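**Q** These protein sequence lines map, in sequence, to chains B and A. Read in order, the letters of the first sequence are residues 1 to 82, 82A to 82C, 83 to 100, 100A to 100R, 101 to 127, 131 to 212 in the deposited numbering. Read in order, the letters of the second sequence are residues 8 to 9, 11 to 67, 67A to 67C, 68 to 92, 96 to 98, 98A to 98C, 99 to 213 in the deposited numbering. C-beta atoms are modelled at their ideal positions from N, C-alpha and C, and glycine is treated no differently.
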Amino acid sequence: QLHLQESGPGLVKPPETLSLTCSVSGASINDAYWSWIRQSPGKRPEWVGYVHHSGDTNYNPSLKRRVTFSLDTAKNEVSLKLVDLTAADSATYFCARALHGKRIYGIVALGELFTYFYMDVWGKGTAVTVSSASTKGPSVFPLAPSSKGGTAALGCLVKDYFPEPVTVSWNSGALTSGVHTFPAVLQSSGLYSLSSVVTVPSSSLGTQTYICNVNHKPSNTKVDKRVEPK
Amino acid sequence: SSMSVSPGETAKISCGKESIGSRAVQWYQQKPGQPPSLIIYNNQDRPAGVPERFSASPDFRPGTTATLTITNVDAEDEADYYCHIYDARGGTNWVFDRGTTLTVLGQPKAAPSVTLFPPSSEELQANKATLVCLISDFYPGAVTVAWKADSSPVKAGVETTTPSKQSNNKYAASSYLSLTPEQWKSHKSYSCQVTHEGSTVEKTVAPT
Ligand SMILES: [Zn+2]
Ligand SMILES: [Zn+2]
Ligand SMILES: [Zn+2]
Ligand SMILES: [Zn+2]
Ligand SMILES: [Zn+2]
Ligand SMILES: [Zn+2]
Ligand SMILES: [Zn+2]
Ligand SMILES: [Zn+2]
Ligand SMILES: [Zn+2]
Ligand SMILES: [Zn+2]
Ligand SMILES: [Zn+2]
Ligand SMILES: [Zn+2]
């Protein structure tokens, strides 16, 4: 009946530093080895380190200087602490229990063996974003359809905003069909960007109007833009 | 890395580079919206709970590759697979190595629809330029994306999103390219090239 649960701040503006906790239920923190792991979307899982109350502890060379773990008996809790943050520290953070074994391939007295770890119980992880930017509303540009399938495609480029989220609709929500609204990219600038598109009968571009409606709550901004053939 | 099979069949998966010293290898499975879970440790041993259709290769000698096998594949086997390698001679890895993204087919295959937009004159007055490549309705859910200028590779100044699931179980994605107005004018064309499963689609725009 072992069970783990992570907790963290969410967004962090970096002169500050990151502090995370993990609640353990069904065992005492002095009965095992504990691990932290991190993962960016689309990327491979990365191993941060491990702690034992004996003091057999080690950290990944990638970030060894800025990270430390500690143990609190009264709360039955594992903790992580990282300093000097940049935007590449953004990830999902997992905590786990590390079991250990020995691989023996010759004569023990000649040191023909080594120690390895494997992880058998994990938490659901906590999402952390690091950003040094200030709130900013979007600029909105038109993606015009061509005059030259029988169908045309048109839309809105929603550019340079912070932070997420943004809602987008068409003709005050009276056009729900043919619409693909895509999720955003993050530039080296620090702000986001996304786009929205509709495909339409090209035999109606002279009689019909299309207007996208953008709404960005964190800056109290609303925009309406009409998209036209060239 | 990408792979697809039909229910009832057998999957074989390689991972990492060839051995130098004696090995201890661990394998890990990860479904959509979940933390990794453990399926093999110490090269061939199986933790309790794990079905017997999963099995892996023992360590016998230098020069070989770690390999995982799933017999009688069920639909719930759809996942990402990772391995974690310890080698007496090569040292300890701190990042998991990749096996594959594994799809268990329930539908016909479908090629991507692609659309490509030049930068508006509104944007050009603001002293900026952007190309936008939108990709929709493909299955299974993996593609690669390459940008080309006249007939040369680009690489620098590109951002591309992960695939995401539409409400009819197909996938979509996006790519962007950043330009100075002077760069946009001093070439003859630009292309967006999308590869699904060894097949390629291409769109092209011009300043004129
Ligand atoms: Zn002790
Ligand atoms: Zn020991
Ligand atoms: Zn559609
Ligand atoms: Zn980038
Ligand atoms: Zn409105
Ligand atoms: Zn490797
Ligand atoms: Zn070879
Ligand atoms: Zn062995
Ligand atoms: Zn080693
Ligand atoms: Zn295809
Ligand atoms: Zn389209
Ligand atoms: Zn050039």
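Would you call the segment 103-114 of chain B in contact with the segment 89-99 of chain B, where contact means no fewer than 3 C-beta pairs closer than 8 Å?
**A** yes
**Q** Give me, in chain order, the residues of the same chain whose beta-carbon lies closer than 6 Å to that of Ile48 of chain A; leave out the 5 immediate sequence neighbours on both sides.
**A** Along the second sequence, one-based indexing puts residue 48 of chain A at 40. Same-chain partners within the cutoff: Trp35 and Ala64.
**Q** Would you list the residues sitting across from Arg208 of chain B in a DSSP beta bridge?
**A** For the purposes of this step, residue 208 of chain B is identified with residue 226 of the first sequence, where counting begins at 1. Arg208 of chain B is bridged to B:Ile193.
**Q** Jot down the residue ranges of each uninterrupted alpha helix (DSSP H) in the segment 143-192 of chain A, minimum 4 residues, whole runs only, in chain order.
**A** 186-190
**Q** Please work out which residues of its chain come closer than 8 Å, Cβ to Cβ, to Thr57 of chain B, disregarding the five sequence neighbours upstream and downstream, and give them in chain order.
**A** Counting from 1 along the first sequence, the entry for residue 57 of chain B is found at position 57. Closer than 8 Å at the Cβ level, and outside the excluded window around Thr57 of chain B, lie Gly49, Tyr50, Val51 and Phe69.
**Q** Beta-carbon separation of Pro168 of chain A and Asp142 of chain A under 8 Å?
**A** Locating residue 168 of chain A in the second sequence gives position 163, where the first residue counts as 1. Locating residue 142 of chain A in the second sequence gives position 137, where the first residue counts as 1. Result no, Cβ atoms of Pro168 of chain A and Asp142 of chain A do not sit closer than 8 Å.
**Q** Pop quiz: residue 130 of chain B and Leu136 of chain B are said to be a contact at Cβ under 8 Å. What is the actual Cβ separation, rounded to whole angstroms?
**A** Structure remark: chain B lacks residues between 127 and 131, so residue 130 of chain B is without coordinates.
**Q** Helix or strand or just coil, what does DSSP make of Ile28 of chain A?
**A** One-based indexing of the second sequence puts residue 28 of chain A at position 20. Coil.
**Q** May I ask you to report which of helix, strand or coil DSSP gives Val100E of chain B?
**A** Here residue 100E of chain B refers to the residue found at position 108 of the first sequence. In the structure shown, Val100E of chain B sits in a helix (DSSP, three-state: H, G or I).
**Q** Measure from the alpha carbon of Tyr181 of chain A to the alpha carbon of each residue in A:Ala19, A:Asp67 and A:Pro123, then state which is nearest.
**A** Mapped onto the second sequence, residue 181 of chain A falls at position 176. Selected option, being the one with the closest Cα: A:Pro123.
**Q** Taking the straight line between their C-alpha atoms, what separation do you get for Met11 of chain A and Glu17 of chain A?
**A** For the purposes of this step, residue 11 of chain A is taken as the residue at position 3 of the second sequence. For the purposes of this step, residue 17 of chain A is taken as the residue at position 9 of the second sequence. Taking the straight line joining both Cα atoms gives about 13 Å.
**Q** List the residues of chain B that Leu139 of chain A touches, going by C-beta distances under 8 Å, in chain order.
**A** Residue numbering aside, residue 139 of chain A sits at position 134 when the second sequence is read from its first letter. Result: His162, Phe164, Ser177 and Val179.
**Q** Output yes if chain B places a C-beta closer than 8 Å to the C-beta of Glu128 of chain A; else output no.
**A** Position 123 of the second sequence holds residue 128 of chain A. Against chain B, the CB of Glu128 of chain A has a partner CB under 8 Å away; the residue lies at that interface.
**Q** Return the chain-ordered list of same chain residues with a C-beta closer than 7 Å to the C-beta of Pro200 of chain B, the five sequence neighbours on each side being excluded.
**A** Within the first sequence, the letter at position 218 stands for residue 200 of chain B. Excluding positions up to five away in sequence, the list reads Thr114 and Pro145.
**Q** From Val100E of chain B to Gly98 of chain A, what distance separates their C-alpha atoms?
**A** As a first step, residue 100E of chain B must be located in the first sequence, where it is residue number 108. As a first step, residue 98 of chain A must be located in the second sequence, where it is residue number 90. Whole-angstrom Cα-Cα distance: 20 Å.
**Q** Beta-carbon within less than 7 Å of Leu71 of chain B's beta-carbon, same chain only, minus the 5 sequence neighbours each way: which residues are those?
**A** Taking the first residue of the first sequence as 1, we reach residue 71 of chain B at position 71. In chain order, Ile29, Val51, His53 and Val78 place their CB closer than 7 Å to the CB of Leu71 of chain B, counting only its own chain and leaving out the 5 sequence neighbours on each side.
**Q** Is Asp67 of chain A a contact residue of ligand 8, with contact defined as CB to any heavy atom under 7 Å?
**A** As a position in the second sequence, residue 67 of chain A is number 59, starting the count at 1. Answer for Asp67 of chain A: yes, Cβ within range of ligand 8.
**Q** Cβ-heavy atom distance between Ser28 of chain B and ligand 1 below 7 Å?
**A** Stepping through the first sequence from its first residue, residue 28 of chain B is reached at position 28. No, since every heavy atom of ligand 1 falls outside the 7 Å radius drawn around the Cβ of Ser28 of chain B.
**Q** Please say whether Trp152 of chain B and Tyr192 of chain B have beta carbons closer to each other than 8 Å?
**A** Here residue 192 of chain B refers to the residue found at position 210 of the first sequence. Here residue 152 of chain B refers to the residue found at position 170 of the first sequence. Yes. Within cutoff.
**Q** In whole angstroms, give me the CA-to-CA distance for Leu20 of chain B and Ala27 of chain B.
**A** The residue you call residue 20 of chain B lines up with position 20 of the first sequence. The residue you call residue 27 of chain B lines up with position 27 of the first sequence. In this structure, the alpha-carbon of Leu20 of chain B lies about 20 Å from that of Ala27 of chain B.
**Q** Applying the 10 Å Cβ sphere with the 16-neighbour rule, what's the burial state of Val137 of chain A?
**A** Locating residue 137 of chain A in the second sequence gives position 132, counting from the first residue. Here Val137 of chain A is buried, its C-beta having at least 16 other C-beta atoms within 10 Å.
**Q** Could you name the residues of chain B that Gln37 of chain A contacts, counting a contact when the two beta carbons are closer than 7 Å?
**A** Position 29 of the second sequence holds residue 37 of chain A. Near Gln37 of chain A there are no residues of chain B at all, since even the closest Cβ is about 12 Å away, more than 7 Å.
**Q** Can the beta-carbon of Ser22 of chain A be found less than 8 Å from the beta-carbon of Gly68 of chain A?
**A** If you number the second sequence from 1, residue 22 of chain A lands on position 14. If you number the second sequence from 1, residue 68 of chain A lands on position 63. Cβ distance not < 8 Å, so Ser22 of chain A and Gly68 of chain A don't count as in contact.
**Q** Could you name the residues of chain A that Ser62 of chain B contacts, counting a contact when the two beta carbons are closer than 8 Å?
**A** On the first sequence, position 62 is the one that residue 62 of chain B refers to. Residues of chain A passing the Cβ test: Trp99.
**Q** Taking the continuous alpha helix (DSSP H) assigned at residue 298 of chain A, which residues delimit it?
**A** No answer is possible for residue 298 of chain A: it lies beyond the span of chain A, which begins at 8 and ends at 213.
**Q** Measuring alpha carbon to alpha carbon, tell me which of B:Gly132, B:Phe164 and B:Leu63 ends up nearest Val140 of chain B.
**A** On the first sequence, residue 140 of chain B is found 158 positions in, with the first residue counted as 1. Nearest C-alpha to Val140 of chain B: B:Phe164.
**Q** Compile a chain-ordered list of the residues in the segment 105-122 of chain B whose CB is closer than 9 Å to at least one CB of chain A.
**A** Residues of the segment 105-122 of chain B with a C-beta less than 9 Å from any C-beta of chain A: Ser118, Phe120, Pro121 and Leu122, listed in chain order.
**Q** Show which residues of chain B have a CB atom less than 8 Å away from the CB atom of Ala177 of chain A.
**A** The residue given as residue 177 of chain A occupies position 172 in the second sequence. Ordered by position in chain B, the residues that pass the 8 Å Cβ test against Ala177 of chain A are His162 and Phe164.
**Q** For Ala27 of chain B, decide whether its Cβ has a neighbour in chain A, counting only Cβ atoms nearer than 8 Å.
**A** In the first sequence, residue 27 of chain B corresponds to position 27, counting from 1. Not closer than 8 Å to any Cβ of chain A, the Cβ of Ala27 of chain B fails to qualify, so no.
**Q** Applying a beta-carbon distance threshold of less than 7 Å, which residues of chain B neighbour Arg103 of chain A?
**A** Residue mapping note: residue 103 of chain A aligns to position 98 of the second sequence, counting from 1. Result: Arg44.
**Q** Near ligand 5, which residues have their beta-carbon less than 6 Å from any of its heavy atoms, given in chain order?
**A** B:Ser154, B:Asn195 and B:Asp206
**Q** From the DSSP output, in three-state form, read off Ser184 of chain B for me.
**A** Looking up residue 184 of chain B in the first sequence gives position 202. Here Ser184 of chain B sits in helix by DSSP.
**Q** Per DSSP, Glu6 of chain B forms a beta bridge with which residues?
**A** Residue mapping note: residue 6 of chain B aligns to position 6 of the first sequence, counting from 1. DSSP, once it has assigned bridges, lists B:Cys22 as partnering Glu6 of chain B.
**Q** Name the DSSP beta bridge partners of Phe67A of chain A, please?
**A** If you number the second sequence from 1, residue 67A of chain A lands on position 60. According to DSSP, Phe67A of chain A bridges with nothing at all.
**Q** Would you grab the beta carbon distance between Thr108 of chain A and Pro145 of chain A for me? Rounded to a whole angstrom, and I think it's under 8 Å.
**A** As a first step, residue 108 of chain A is located in the second sequence; it is residue number 103 there, counting from the start. As a first step, residue 145 of chain A is located in the second sequence; it is residue number 140 there, counting from the start. About 4 Å separates the Cβ atoms of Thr108 of chain A and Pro145 of chain A, confirming a contact at the 8 Å cut-off.
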